[PDB]
$ cat run-v3.pdb   # PDB, N, CA, C and O atoms and all ligand atoms
ATOM      1  N   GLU L   1      18.943  11.610  22.513
ATOM      2  CA  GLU L   1      18.465  12.109  21.195
ATOM      3  C   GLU L   1      17.174  11.415  20.775
ATOM      4  O   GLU L   1      16.371  11.978  20.031
ATOM      5  N   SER L   2      16.980  10.191  21.256
ATOM      6  CA  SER L   2      15.782   9.422  20.930
ATOM      7  C   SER L   2      14.823   9.382  22.114
ATOM      8  O   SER L   2      14.987   8.582  23.033
ATOM      9  N   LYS L   3      13.820  10.254  22.085
ATOM     10  CA  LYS L   3      12.832  10.319  23.156
ATOM     11  C   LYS L   3      11.417  10.376  22.591
ATOM     12  O   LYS L   3      10.524  10.975  23.188
ATOM     13  N   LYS L   4      11.219   9.750  21.437
ATOM     14  CA  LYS L   4       9.911   9.730  20.790
ATOM     15  C   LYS L   4       9.633   8.367  20.168
ATOM     16  O   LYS L   4      10.115   8.061  19.078
ATOM     17  N   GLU L   5       8.854   7.548  20.869
ATOM     18  CA  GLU L   5       8.513   6.217  20.383
ATOM     19  C   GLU L   5       7.563   6.300  19.189
ATOM     20  O   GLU L   5       6.580   7.039  19.220
ATOM     21  N   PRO L   6       7.845   5.540  18.114
ATOM     22  CA  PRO L   6       7.008   5.536  16.911
ATOM     23  C   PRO L   6       5.710   4.759  17.111
ATOM     24  O   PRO L   6       5.349   4.413  18.236
ATOM     25  N   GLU L   7       5.014   4.487  16.012
ATOM     26  CA  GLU L   7       3.757   3.749  16.067
ATOM     27  C   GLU L   7       3.833   2.483  15.218
ATOM     28  O   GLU L   7       2.950   2.215  14.402
ATOM     29  N   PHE L   8       4.893   1.706  15.416
ATOM     30  CA  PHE L   8       5.084   0.468  14.669
ATOM     31  C   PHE L   8       5.173   0.745  13.170
ATOM     32  O   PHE L   8       4.260   0.414  12.415
ATOM     33  N   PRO L   9       6.279   1.361  12.721
ATOM     34  CA  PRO L   9       6.484   1.684  11.307
ATOM     35  C   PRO L   9       6.890   0.466  10.485
ATOM     36  O   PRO L   9       7.076  -0.626  11.024
ATOM     37  N   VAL L  10       7.028   0.661   9.178
ATOM     38  CA  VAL L  10       7.412  -0.420   8.278
ATOM     39  C   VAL L  10       8.305   0.096   7.155
ATOM     40  O   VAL L  10       7.878   0.906   6.333
ATOM     41  N   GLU L  11       9.547  -0.375   7.129
ATOM     42  CA  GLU L  11      10.503   0.040   6.107
ATOM     43  C   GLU L  11      10.547  -0.965   4.955
ATOM     44  O   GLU L  11      11.194  -2.007   5.057
ATOM     45  N   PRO L  12       9.862  -0.663   3.837
ATOM     46  CA  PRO L  12       9.837  -1.550   2.667
ATOM     47  C   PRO L  12      11.190  -1.630   1.972
ATOM     48  O   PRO L  12      12.205  -1.194   2.515
ATOM     49  N   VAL L  13      11.199  -2.186   0.764
ATOM     50  CA  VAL L  13      12.427  -2.317  -0.006
ATOM     51  C   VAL L  13      13.000  -0.950  -0.357
ATOM     52  O   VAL L  13      12.381  -0.175  -1.087
ATOM     53  N   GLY L  14      14.180  -0.661   0.170
ATOM     54  CA  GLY L  14      14.816   0.613  -0.096
ATOM     55  C   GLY L  14      15.708   0.581  -1.324
ATOM     56  O   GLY L  14      16.033   1.626  -1.887
ATOM     57  N   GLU L  15      16.106  -0.618  -1.740
ATOM     58  CA  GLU L  15      16.965  -0.776  -2.910
ATOM     59  C   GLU L  15      16.356  -0.094  -4.132
ATOM     60  O   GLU L  15      16.971   0.786  -4.737
ATOM     61  N   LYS L  16      15.146  -0.506  -4.492
ATOM     62  CA  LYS L  16      14.453   0.065  -5.640
ATOM     63  C   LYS L  16      12.952   0.149  -5.381
ATOM     64  O   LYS L  16      12.200  -0.769  -5.711
ATOM     65  N   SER L  17      12.522   1.257  -4.784
ATOM     66  CA  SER L  17      11.112   1.459  -4.477
ATOM     67  C   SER L  17      10.427   2.275  -5.568
ATOM     68  O   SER L  17      10.445   3.506  -5.541
ATOM     69  N   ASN L  18       9.816   1.581  -6.522
ATOM     70  CA  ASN L  18       9.117   2.239  -7.620
ATOM     71  C   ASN L  18       7.748   2.733  -7.166
ATOM     72  O   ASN L  18       7.331   2.474  -6.038
ATOM     73  N   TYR L  19       7.052   3.448  -8.042
ATOM     74  CA  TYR L  19       5.730   3.972  -7.711
ATOM     75  C   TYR L  19       4.746   3.754  -8.855
ATOM     76  O   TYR L  19       4.942   4.250  -9.965
ATOM     77  N   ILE L  20       3.680   3.013  -8.570
ATOM     78  CA  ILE L  20       2.653   2.728  -9.562
ATOM     79  C   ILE L  20       1.763   3.949  -9.778
ATOM     80  O   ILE L  20       0.928   4.280  -8.935
ATOM     81  N   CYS L  21       1.954   4.613 -10.914
ATOM     82  CA  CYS L  21       1.173   5.799 -11.247
ATOM     83  C   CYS L  21      -0.236   5.418 -11.683
ATOM     84  O   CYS L  21      -0.425   4.485 -12.464
ATOM     85  N   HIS L  22      -1.222   6.147 -11.175
ATOM     86  CA  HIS L  22      -2.616   5.890 -11.511
ATOM     87  C   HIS L  22      -3.455   7.153 -11.334
ATOM     88  O   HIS L  22      -2.924   8.221 -11.031
ATOM     89  N   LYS L  23      -4.765   7.023 -11.527
ATOM     90  CA  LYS L  23      -5.680   8.154 -11.389
ATOM     91  C   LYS L  23      -5.467   8.883 -10.066
ATOM     92  O   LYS L  23      -6.076   8.539  -9.056
ATOM     93  N   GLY L  24      -4.599   9.889 -10.077
ATOM     94  CA  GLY L  24      -4.328  10.643  -8.866
ATOM     95  C   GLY L  24      -3.766   9.781  -7.751
ATOM     96  O   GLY L  24      -3.719  10.212  -6.601
ATOM     97  N   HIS L  25      -3.342   8.564  -8.085
ATOM     98  CA  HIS L  25      -2.791   7.656  -7.089
ATOM     99  C   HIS L  25      -1.410   7.141  -7.483
ATOM    100  O   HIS L  25      -1.179   6.754  -8.628
ATOM    101  N   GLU L  26      -0.501   7.134  -6.511
ATOM    102  CA  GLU L  26       0.860   6.659  -6.724
ATOM    103  C   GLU L  26       1.181   5.543  -5.735
ATOM    104  O   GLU L  26       1.849   5.766  -4.725
ATOM    105  N   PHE L  27       0.687   4.346  -6.029
ATOM    106  CA  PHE L  27       0.905   3.192  -5.161
ATOM    107  C   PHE L  27       2.368   2.773  -5.153
ATOM    108  O   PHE L  27       3.134   3.134  -6.044
ATOM    109  N   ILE L  28       2.751   2.025  -4.127
ATOM    110  CA  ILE L  28       4.126   1.565  -3.985
ATOM    111  C   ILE L  28       4.173   0.068  -3.703
ATOM    112  O   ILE L  28       3.448  -0.435  -2.846
ATOM    113  N   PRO L  29       5.039  -0.665  -4.423
ATOM    114  CA  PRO L  29       5.181  -2.110  -4.242
ATOM    115  C   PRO L  29       5.811  -2.462  -2.906
ATOM    116  O   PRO L  29       6.974  -2.147  -2.653
ATOM    117  N   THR L  30       5.038  -3.117  -2.051
ATOM    118  CA  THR L  30       5.527  -3.507  -0.739
ATOM    119  C   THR L  30       4.710  -4.664  -0.174
ATOM    120  O   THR L  30       3.615  -4.957  -0.652
ATOM    121  N   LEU L  31       5.248  -5.315   0.853
ATOM    122  CA  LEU L  31       4.568  -6.433   1.489
ATOM    123  C   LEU L  31       4.121  -6.056   2.897
ATOM    124  O   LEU L  31       4.666  -5.134   3.504
ATOM    125  N   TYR L  32       3.127  -6.770   3.411
ATOM    126  CA  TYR L  32       2.611  -6.500   4.747
ATOM    127  C   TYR L  32       2.367  -7.793   5.515
ATOM    128  O   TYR L  32       1.321  -8.423   5.374
ATOM    129  N   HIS L  33       3.341  -8.180   6.333
ATOM    130  CA  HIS L  33       3.231  -9.395   7.131
ATOM    131  C   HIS L  33       2.141  -9.257   8.191
ATOM    132  O   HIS L  33       1.701 -10.249   8.772
ATOM    133  N   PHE L  34       1.705  -8.023   8.437
ATOM    134  CA  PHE L  34       0.665  -7.762   9.427
ATOM    135  C   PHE L  34      -0.688  -7.579   8.747
ATOM    136  O   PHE L  34      -0.765  -7.426   7.529
ATOM    137  N   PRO L  35      -1.779  -7.594   9.531
ATOM    138  CA  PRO L  35      -3.138  -7.432   9.000
ATOM    139  C   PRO L  35      -3.347  -6.078   8.332
ATOM    140  O   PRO L  35      -3.590  -5.075   9.002
ATOM    141  N   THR L  36      -3.264  -6.057   7.005
ATOM    142  CA  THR L  36      -3.457  -4.828   6.246
ATOM    143  C   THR L  36      -4.732  -4.926   5.410
ATOM    144  O   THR L  36      -5.012  -5.962   4.812
ATOM    145  N   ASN L  37      -5.512  -3.852   5.390
ATOM    146  CA  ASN L  37      -6.763  -3.839   4.642
ATOM    147  C   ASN L  37      -6.614  -3.117   3.305
ATOM    148  O   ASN L  37      -6.042  -2.030   3.232
ATOM    149  N   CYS L  38      -7.149  -3.730   2.252
ATOM    150  CA  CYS L  38      -7.095  -3.148   0.916
ATOM    151  C   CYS L  38      -8.114  -2.015   0.802
ATOM    152  O   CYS L  38      -9.175  -2.058   1.424
ATOM    153  N   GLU L  39      -7.786  -0.998   0.012
ATOM    154  CA  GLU L  39      -8.675   0.145  -0.171
ATOM    155  C   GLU L  39      -9.696  -0.114  -1.278
ATOM    156  O   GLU L  39     -10.835   0.347  -1.203
ATOM    157  N   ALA L  40      -9.279  -0.842  -2.309
ATOM    158  CA  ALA L  40     -10.154  -1.151  -3.433
ATOM    159  C   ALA L  40     -11.367  -1.972  -2.990
ATOM    160  O   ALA L  40     -12.411  -1.414  -2.655
ATOM    161  N   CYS L  41     -11.230  -3.297  -2.995
ATOM    162  CA  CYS L  41     -12.324  -4.177  -2.597
ATOM    163  C   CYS L  41     -12.439  -4.257  -1.077
ATOM    164  O   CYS L  41     -11.824  -3.470  -0.357
ATOM    165  N   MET L  42     -13.230  -5.211  -0.598
ATOM    166  CA  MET L  42     -13.428  -5.391   0.836
ATOM    167  C   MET L  42     -12.887  -6.742   1.298
ATOM    168  O   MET L  42     -13.622  -7.560   1.854
ATOM    169  N   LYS L  43     -11.598  -6.969   1.068
ATOM    170  CA  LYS L  43     -10.958  -8.217   1.465
ATOM    171  C   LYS L  43      -9.671  -7.941   2.240
ATOM    172  O   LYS L  43      -9.094  -6.857   2.139
ATOM    173  N   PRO L  44      -9.204  -8.923   3.030
ATOM    174  CA  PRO L  44      -7.983  -8.780   3.827
ATOM    175  C   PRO L  44      -6.721  -8.778   2.972
ATOM    176  O   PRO L  44      -6.580  -9.577   2.047
ATOM    177  N   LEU L  45      -5.802  -7.871   3.291
ATOM    178  CA  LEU L  45      -4.544  -7.757   2.561
ATOM    179  C   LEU L  45      -3.359  -8.032   3.486
ATOM    180  O   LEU L  45      -2.989  -7.186   4.298
ATOM    181  N   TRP L  46      -2.774  -9.222   3.358
ATOM    182  CA  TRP L  46      -1.630  -9.614   4.182
ATOM    183  C   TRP L  46      -1.345 -11.106   4.047
ATOM    184  O   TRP L  46      -2.017 -11.813   3.298
ATOM    185  N   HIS L  47      -0.344 -11.578   4.784
ATOM    186  CA  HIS L  47       0.035 -12.987   4.757
ATOM    187  C   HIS L  47       1.218 -13.246   5.684
ATOM    188  O   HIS L  47       2.207 -12.513   5.667
ATOM    189  N   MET L  48       1.108 -14.292   6.497
ATOM    190  CA  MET L  48       2.165 -14.645   7.435
ATOM    191  C   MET L  48       3.260 -15.453   6.747
ATOM    192  O   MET L  48       4.448 -15.246   6.999
ATOM    193  N   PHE L  49       2.855 -16.376   5.881
ATOM    194  CA  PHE L  49       3.804 -17.216   5.160
ATOM    195  C   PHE L  49       4.373 -16.486   3.947
ATOM    196  O   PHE L  49       5.522 -16.046   3.957
ATOM    197  N   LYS L  50       3.562 -16.367   2.901
ATOM    198  CA  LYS L  50       3.984 -15.697   1.677
ATOM    199  C   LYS L  50       3.174 -14.425   1.437
ATOM    200  O   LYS L  50       2.085 -14.475   0.864
ATOM    201  N   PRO L  51       3.693 -13.262   1.870
ATOM    202  CA  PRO L  51       3.007 -11.978   1.693
ATOM    203  C   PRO L  51       2.903 -11.580   0.222
ATOM    204  O   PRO L  51       3.915 -11.465  -0.468
ATOM    205  N   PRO L  52       1.674 -11.360  -0.274
ATOM    206  CA  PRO L  52       1.446 -10.970  -1.670
ATOM    207  C   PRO L  52       1.907  -9.544  -1.951
ATOM    208  O   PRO L  52       1.895  -8.692  -1.063
ATOM    209  N   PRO L  53       2.315  -9.257  -3.200
ATOM    210  CA  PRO L  53       2.771  -7.922  -3.589
ATOM    211  C   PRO L  53       1.678  -6.876  -3.410
ATOM    212  O   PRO L  53       0.866  -6.654  -4.304
ATOM    213  N   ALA L  54       1.661  -6.239  -2.244
ATOM    214  CA  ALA L  54       0.661  -5.221  -1.944
ATOM    215  C   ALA L  54       1.150  -3.838  -2.348
ATOM    216  O   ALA L  54       2.334  -3.524  -2.220
ATOM    217  N   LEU L  55       0.234  -3.011  -2.842
ATOM    218  CA  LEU L  55       0.580  -1.662  -3.270
ATOM    219  C   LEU L  55       0.084  -0.624  -2.269
ATOM    220  O   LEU L  55      -1.119  -0.426  -2.111
ATOM    221  N   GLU L  56       1.026   0.031  -1.598
ATOM    222  CA  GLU L  56       0.698   1.048  -0.607
ATOM    223  C   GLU L  56       0.791   2.446  -1.203
ATOM    224  O   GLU L  56       1.705   2.742  -1.970
ATOM    225  N   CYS L  57      -0.153   3.310  -0.842
ATOM    226  CA  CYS L  57      -0.159   4.675  -1.343
ATOM    227  C   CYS L  57       0.820   5.539  -0.559
ATOM    228  O   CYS L  57       0.862   5.488   0.671
ATOM    229  N   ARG L  58       1.602   6.336  -1.277
ATOM    230  CA  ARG L  58       2.580   7.215  -0.648
ATOM    231  C   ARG L  58       1.997   8.610  -0.432
ATOM    232  O   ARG L  58       2.720   9.606  -0.461
ATOM    233  N   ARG L  59       0.685   8.670  -0.214
ATOM    234  CA  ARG L  59       0.000   9.938   0.009
ATOM    235  C   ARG L  59      -0.986   9.829   1.173
ATOM    236  O   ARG L  59      -0.733  10.345   2.260
ATOM    237  N   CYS L  60      -2.113   9.155   0.937
ATOM    238  CA  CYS L  60      -3.131   8.983   1.971
ATOM    239  C   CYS L  60      -2.827   7.778   2.862
ATOM    240  O   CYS L  60      -3.500   7.559   3.869
ATOM    241  N   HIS L  61      -1.812   6.997   2.490
ATOM    242  CA  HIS L  61      -1.423   5.819   3.261
ATOM    243  C   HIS L  61      -2.490   4.733   3.189
ATOM    244  O   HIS L  61      -3.302   4.577   4.102
ATOM    245  N   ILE L  62      -2.467   3.977   2.099
ATOM    246  CA  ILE L  62      -3.414   2.888   1.891
ATOM    247  C   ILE L  62      -2.695   1.679   1.311
ATOM    248  O   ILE L  62      -1.474   1.693   1.172
ATOM    249  N   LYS L  63      -3.447   0.639   0.967
ATOM    250  CA  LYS L  63      -2.853  -0.567   0.395
ATOM    251  C   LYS L  63      -3.822  -1.253  -0.556
ATOM    252  O   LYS L  63      -5.035  -1.210  -0.360
ATOM    253  N   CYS L  64      -3.271  -1.890  -1.580
ATOM    254  CA  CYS L  64      -4.074  -2.601  -2.567
ATOM    255  C   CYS L  64      -3.234  -3.654  -3.280
ATOM    256  O   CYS L  64      -2.218  -3.331  -3.896
ATOM    257  N   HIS L  65      -3.658  -4.915  -3.195
ATOM    258  CA  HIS L  65      -2.930  -6.011  -3.843
ATOM    259  C   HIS L  65      -2.477  -5.612  -5.235
ATOM    260  O   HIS L  65      -3.260  -5.087  -6.029
ATOM    261  N   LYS L  66      -1.224  -5.900  -5.540
ATOM    262  CA  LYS L  66      -0.684  -5.609  -6.856
ATOM    263  C   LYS L  66      -1.614  -6.186  -7.918
ATOM    264  O   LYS L  66      -1.729  -5.656  -9.022
ATOM    265  N   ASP L  67      -2.279  -7.285  -7.558
ATOM    266  CA  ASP L  67      -3.209  -7.958  -8.457
ATOM    267  C   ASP L  67      -4.225  -6.984  -9.055
ATOM    268  O   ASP L  67      -4.472  -7.010 -10.261
ATOM    269  N   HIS L  68      -4.822  -6.133  -8.217
ATOM    270  CA  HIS L  68      -5.821  -5.172  -8.713
ATOM    271  C   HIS L  68      -5.286  -4.384  -9.905
ATOM    272  O   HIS L  68      -5.937  -4.297 -10.947
ATOM    273  N   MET L  69      -4.102  -3.805  -9.746
ATOM    274  CA  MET L  69      -3.486  -3.018 -10.811
ATOM    275  C   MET L  69      -3.205  -3.883 -12.037
ATOM    276  O   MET L  69      -3.510  -3.495 -13.164
ATOM    277  N   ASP L  70      -2.623  -5.055 -11.808
ATOM    278  CA  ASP L  70      -2.299  -5.973 -12.895
ATOM    279  C   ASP L  70      -3.560  -6.405 -13.640
ATOM    280  O   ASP L  70      -3.516  -6.703 -14.833
ATOM    281  N   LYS L  71      -4.681  -6.444 -12.926
ATOM    282  CA  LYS L  71      -5.953  -6.844 -13.519
ATOM    283  C   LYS L  71      -6.749  -5.633 -13.995
ATOM    284  O   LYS L  71      -7.653  -5.761 -14.820
ATOM    285  N   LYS L  72      -6.413  -4.456 -13.471
ATOM    286  CA  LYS L  72      -7.105  -3.228 -13.845
ATOM    287  C   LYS L  72      -8.570  -3.284 -13.422
ATOM    288  O   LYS L  72      -9.461  -3.465 -14.252
ATOM    289  N   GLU L  73      -8.811  -3.128 -12.125
ATOM    290  CA  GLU L  73     -10.167  -3.163 -11.589
ATOM    291  C   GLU L  73     -10.684  -1.754 -11.313
ATOM    292  O   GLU L  73     -10.032  -0.966 -10.627
ATOM    293  N   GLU L  74     -11.860  -1.447 -11.851
ATOM    294  CA  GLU L  74     -12.468  -0.133 -11.662
ATOM    295  C   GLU L  74     -12.662   0.175 -10.178
ATOM    296  O   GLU L  74     -12.767   1.335  -9.783
ATOM    297  N   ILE L  75     -12.711  -0.875  -9.365
ATOM    298  CA  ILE L  75     -12.895  -0.729  -7.925
ATOM    299  C   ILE L  75     -11.942   0.313  -7.339
ATOM    300  O   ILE L  75     -12.293   1.030  -6.401
ATOM    301  N   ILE L  76     -10.739   0.391  -7.899
ATOM    302  CA  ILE L  76      -9.741   1.346  -7.431
ATOM    303  C   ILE L  76     -10.194   2.780  -7.691
ATOM    304  O   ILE L  76     -10.699   3.095  -8.768
ATOM    305  N   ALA L  77     -10.003   3.647  -6.701
ATOM    306  CA  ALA L  77     -10.386   5.046  -6.833
ATOM    307  C   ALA L  77      -9.181   5.964  -6.697
ATOM    308  O   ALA L  77      -8.119   5.551  -6.228
ATOM    309  N   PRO L  78      -9.334   7.230  -7.105
ATOM    310  CA  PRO L  78      -8.260   8.219  -7.029
ATOM    311  C   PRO L  78      -7.924   8.605  -5.592
ATOM    312  O   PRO L  78      -8.748   8.452  -4.689
ATOM    313  N   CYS L  79      -6.710   9.111  -5.386
ATOM    314  CA  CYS L  79      -6.276   9.526  -4.057
ATOM    315  C   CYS L  79      -7.156  10.660  -3.536
ATOM    316  O   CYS L  79      -7.633  11.491  -4.311
ATOM    317  N   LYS L  80      -7.378  10.685  -2.226
ATOM    318  CA  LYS L  80      -8.215  11.714  -1.614
ATOM    319  C   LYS L  80      -7.383  12.872  -1.067
ATOM    320  O   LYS L  80      -7.767  14.034  -1.197
ATOM    321  N   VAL L  81      -6.249  12.552  -0.451
ATOM    322  CA  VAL L  81      -5.379  13.579   0.116
ATOM    323  C   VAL L  81      -4.845  14.519  -0.962
ATOM    324  O   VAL L  81      -4.444  15.645  -0.672
ATOM    325  N   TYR L  82      -4.843  14.049  -2.207
ATOM    326  CA  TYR L  82      -4.358  14.855  -3.323
ATOM    327  C   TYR L  82      -5.475  15.725  -3.895
ATOM    328  O   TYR L  82      -5.750  15.692  -5.095
ATOM    329  N   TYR L  83      -6.118  16.500  -3.028
ATOM    330  CA  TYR L  83      -7.204  17.380  -3.444
ATOM    331  C   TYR L  83      -7.751  18.166  -2.258
ATOM    332  O   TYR L  83      -7.901  19.385  -2.325
ATOM    333  N   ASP L  84      -8.046  17.459  -1.171
ATOM    334  CA  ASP L  84      -8.576  18.091   0.032
ATOM    335  C   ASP L  84      -7.596  19.122   0.582
ATOM    336  O   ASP L  84      -7.569  19.388   1.783
TER     337      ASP L  84
HETATM  338 ZN    ZN R 101      -8.771  -5.567  -2.844
HETATM  339 ZN    ZN R 102      -3.845   7.718  -1.700
END

$ encode --input "run-v3.pdb" --output "C-alpha cells"
Amino acid sequence: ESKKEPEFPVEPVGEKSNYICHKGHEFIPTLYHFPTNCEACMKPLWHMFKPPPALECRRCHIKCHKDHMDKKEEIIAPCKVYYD
C-alpha cells in the first residue's frame, strides 16, 4: 500500500494548531529544527537547540518568526497563492 516516498515532511502540533489571520495570509504556529527561511525579512529561520515559534503559511507554504507578527512588521506581505 505504501509505494510513494515523501519529500521529508513535517508534522507540527496536532493537538491545537491555530492559524494566524492576516492580510490574505493564514500563518500557522510551528517550529523548524531544520534550516527554514523566513518570507518577511532576509534572515535564517530555525534552531537546533531551542527552535523559535515560527509561523508557516498553510497556503503558499512559507515561514515567518512569530516575532514578526507579535511586532507587526510591514515587511510581511499578503499570500500569493490566494489570487493567482
Ligand atoms: Zn524574518
Ligand atoms: Zn502564503

$ atom_distance --input "run-v3.pdb" --atom1 "CA of residue 49 (chain L)" --atom2 "CA of residue 11 (chain L)"
18.5 Å

$ resolve_selection --input "run-v3.pdb" --expression "the PyMOL selection byres (((chain L and resi 17-30 and name CA) around 7) and not hetatm and name CA)" --output "ChimeraX atom specification"
/L:12-16,31-32,53-58,78-79,82

$ atom_distance --input "run-v3.pdb" --atom1 "atom N of residue 70 (chain L)" --atom2 "atom C of residue 47 (chain L)"
19.7 Å

$ closest_residue --input "run-v3.pdb" --among "L:1, L:38, L:44, L:8" --to "residue 63 (chain L)" --atoms "only N, CA, C and O atoms"
L:38

$ atom_distance --input "run-v3.pdb" --atom1 "atom ZN of ligand ZN 102 (chain R)" --atom2 "atom O of residue 74 (chain L)"
13.6 Å

$ residues_near_ligand --input "run-v3.pdb" --ligand "ligand ZN 101 (chain R)" --cutoff "8 Å" --atoms "only C-alpha atoms and all ligand atoms" --output "number ranges by chain"
L: 37-45, 64-65, 68

$ closest_residue --input "run-v3.pdb" --among "L:33, L:59, L:66, L:50" --to "ligand ZN 102 (chain R)" --atoms "only C-alpha atoms and all ligand atoms"
L:59

$ closest_residue --input "run-v3.pdb" --among "L:4, L:71, L:62, L:48" --to "ligand ZN 102 (chain R)" --atoms "only N, CA, C and O atoms and all ligand atoms"
L:62

$ select_by_dssp --input "run-v3.pdb" --residues "chain L" --states "alpha helix (DSSP H)" --output "ChimeraX atom specification"
/L:66-71
